[PDB]
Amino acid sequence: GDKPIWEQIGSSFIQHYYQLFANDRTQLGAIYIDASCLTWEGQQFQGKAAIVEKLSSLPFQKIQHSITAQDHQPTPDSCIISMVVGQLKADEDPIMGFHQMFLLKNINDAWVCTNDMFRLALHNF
């Protein structure tokens, strides 16, 4: 009846994910199920624990994000797959591009992340 549900749920996940990413990373566990999977700069991590942990150790202090584009589509298995392209500035590190992906699933009547992929857009020299 207007803006697709997967586009409401998705942008709403993105929003909540990044905010939490900038205020208290040790709280990300709640948006992932136990059988989750994360890929950070080529590196894969399985299970909730190993994910939260990995994210808790990133050497950054202040981080900011600017969602430049975000695409959402429903999948055959009744899931929501999202693609994010944007930019971030980590402390006084130079502004850089990046892309992320999320696969949300409805569990306990709440949408939770099962798959997550992140990778900085490396400058070419």
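So that there is no doubt, residue numbering starts at 1 and follows the sequence shown.
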Comparing mean C-alpha B factor in the record for 77-85 and 22-30, the higher one is 22-30
Quick note on 45-53 and 64-72: per-entry mean CA temperature factor is higher in 64-72
Chain thirds by Cα B factor, record data; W6 belongs to the middle
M101: CA B-factor among chain residues, third -> middle
